[PDB]
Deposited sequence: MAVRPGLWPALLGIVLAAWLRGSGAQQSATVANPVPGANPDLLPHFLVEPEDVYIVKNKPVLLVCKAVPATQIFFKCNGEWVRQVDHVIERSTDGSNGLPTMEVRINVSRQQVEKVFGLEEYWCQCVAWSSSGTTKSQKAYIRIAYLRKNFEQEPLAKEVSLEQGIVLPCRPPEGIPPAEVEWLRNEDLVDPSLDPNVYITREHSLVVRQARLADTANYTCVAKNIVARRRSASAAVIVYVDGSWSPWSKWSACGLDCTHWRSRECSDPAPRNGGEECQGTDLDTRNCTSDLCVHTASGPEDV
């Protein structure tokens, strides 16, 4: 019985360029391809006959070119497939069904990231669902122009559901985040989502009481710097100076 060395793999049509399906078996006397329940012509087959290194048995290597027009013309229930069959003195053998699909990628995203307002300690999740296409598109994130790398920082990482997760604000500051769907046919960039990191201003501890001056009054100082109000963040609610009656 013949044993396959090289089996036909699942190939995709990029643009309109032909695909090659390599098939090799040992021992082989005759080798033919069967596409969608129909045999391929002998002239279309590119045969390669050679003697095996391990034992004195004939080895055959065959390759067929399948164009874009050949795939799209076949209309039915199941997808375009090509199975390689090998012959010998003992019997026949069947290889794995290699599925040939026309590669594509849509323009409209299923889900795009939106603008979010977050504080210094709180964490945010930026969701993204890439457009439909065969094979599925890989997801890459951009912080403004620069590519987001999850290996550089543990606080910034991309989940299995393509969403970007950030747990802090100083480790990932203010930036327009855009989701990029990457496929062999086309690269699709989503709309930029403005992520703003605000610092809510809270008062600093009270200073020491000043000496009792004239008109029986003494003041105390206060500052809005623990933490200081940055970006959109709200200012400190209260007074900068506190007056109290204390003398002669």
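Query raised in the report: Counting from 1 along the deposited sequence, which stretches lack C-alpha positions?
Result: According to the record, the gaps fall at 1-42, 289-292, 295-303.
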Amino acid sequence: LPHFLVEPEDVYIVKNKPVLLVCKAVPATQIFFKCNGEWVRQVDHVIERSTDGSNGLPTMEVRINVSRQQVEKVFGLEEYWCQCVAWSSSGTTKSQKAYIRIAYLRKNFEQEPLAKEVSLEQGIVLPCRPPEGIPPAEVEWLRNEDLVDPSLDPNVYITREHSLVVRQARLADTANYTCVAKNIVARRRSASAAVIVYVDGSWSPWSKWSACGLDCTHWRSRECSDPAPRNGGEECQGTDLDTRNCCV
From here on, numbers count along this sequence of modelled residues.
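Query - Segment of higher mean CA temperature factor, 175-183 or 209-217 - result: Comparing 175-183 with 209-217, the higher mean C-alpha B-factor belongs to 209-217.
Report task. Output the stretch having the higher mean C-alpha B factor in the entry; the candidates are 187-195 and 43-51. Result -> Comparing averages over the C-alpha atoms only gives 43-51.
Report task. Tell me which of 91, 136, 150, 127 tops the list for C-alpha B factor in the record. Result -> Of 91, 136, 150, 127, 91 has the highest C-alpha B-factor.
Report task. Please pick out which of 109, 141, 87, 104 has the largest Cα B-factor as recorded in the entry. Result -> Checking the PDB record, the top C-alpha B-factor among 109, 141, 87, 104 is at 87.
Query raised in the report: Which third, lowest, middle or highest, does the CA B-factor of residue 81 fall in along this chain?
Result: Answer is middle: the recorded C-alpha B-factor places it there.
Query raised in the report: Which third of the chain does residue 157 land in by C-alpha B-factor: lowest, middle or highest?
Result: Bottom third by C-alpha B-factor.
Report task. Using the B-factors in the PDB entry, rank residue 121's C-alpha atom against the chain and give the third, lowest, middle or highest. Result -> CA B-factor rank for residue 121: middle third.
**Report entry** Chain thirds of CA B-factor: placement of residue 169
**Finding:** Middle third.
Report task. Just say lowest, middle or highest third for the CA B-factor of residue 98 relative to the other modelled residues in its chain. Result -> Answer is middle: the recorded C-alpha B-factor places it there.
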